[PDB]
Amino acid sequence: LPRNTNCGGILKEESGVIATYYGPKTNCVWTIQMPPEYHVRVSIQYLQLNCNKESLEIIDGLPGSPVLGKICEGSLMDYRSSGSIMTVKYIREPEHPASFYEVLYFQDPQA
């Protein structure tokens, strides 16, 4: 599965992985955009962030849309978008080096 480790971007792959970006930017916004009648499924098997210095947010659309969660510790997380777009946003404090994270996404259904 194509692994994305850029700080954000619009993603159109039918499936892929978002994993930790290690550069200087402190706010990365990945927007997953599927064809019109499709949905996006997002899975996070295990997440363990420092909730004091960083977080991951799942947004049901473009930035500005309803938030589905701002999460820093959990596992077995499954999110489905209500439309064709979902955004994943990671944020950290400048002084803090990013923790490891891996987010899987799928077009739902697959084609």
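Don't overthink the numbering: it's just position in the shown sequence, from 1.
Q: In the PDB record, does 3-11 or 102-110 carry the higher mean Cα temperature factor?
A: Looking at the record's C-alpha B-factors, the answer is 3-11.
Q: May I ask you to compare 38-46 and 51-59 by their mean CA B factor in the entry and name the higher one?
A: Stretch with the higher mean C-alpha B-factor: 51-59.
Q: Tell me which of 74, 69, 66, 83 tops the list for C-alpha B factor in the record.
A: Most elevated C-alpha B-factor of the set, per the entry: 74.
Q: So where's residue 31 on the chain's Cα temperature factor ranking, which third?
A: Middle third of the chain for residue 31's C-alpha B-factor.
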